[PDB]
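# Summary of structural features
Residues per chain, in single letters:
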Amino acid sequence: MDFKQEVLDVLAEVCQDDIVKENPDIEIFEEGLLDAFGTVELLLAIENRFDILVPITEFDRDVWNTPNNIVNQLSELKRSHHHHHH
């Protein structure tokens, strides 16, 4: 499994647009590719696909602002925020 590519695929699914793969420095919020409800859908999908749980209070549109920067944030949280129900 390729974590970066799988994150980008989830993001593209939520945005309904593969522009996030073709232009991985695109400004997702400035370009209107993701809104609040889409953010919630993204964080839910990250939990459902990876068992990584990022609370909405840890999300920041300035930091999670491009596909590449989302991958980077998630890569940093991938151990510390990984759950596995016993």
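Residues numbered from 1 in each chain as written, not as in the entry; some residues may be left out. Heavy atoms only, no water.

Structure determination for this entry is recorded as X-ray crystallography, at 1.010 Å resolution.

## Structural notes on the UniProt feature "domain: Carrier" in the chain
Under the UniProt annotation, "domain: Carrier" lies at residues 1-78. In residues 1-78, helix accounts for 55% and strand for 0%; the two terminal C-alpha atoms are 14 Å from one another. (UniProt positions renumbered as here; feature names shortened; annotations may be inferred. Helix = DSSP H or I, 4+ residues; strand = E, 2+ residues; numbered from the N terminus.)

## Topic: the side chain of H81
Note on placement: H81 falls in the segment after helix 4 (67-77). Among the residues examined, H81 registers a relative accessible area of 15% and is labelled buried. If near-sequence neighbours (up to four positions away) are discounted, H81 is found in contact with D51, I52, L53, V54, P55 and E58. (Buried < 20%, exposed > 50% of the residue type's maximum accessible area, 1.4 Å probe, protein only. Contact = heavy atoms within 4.5 Å.)

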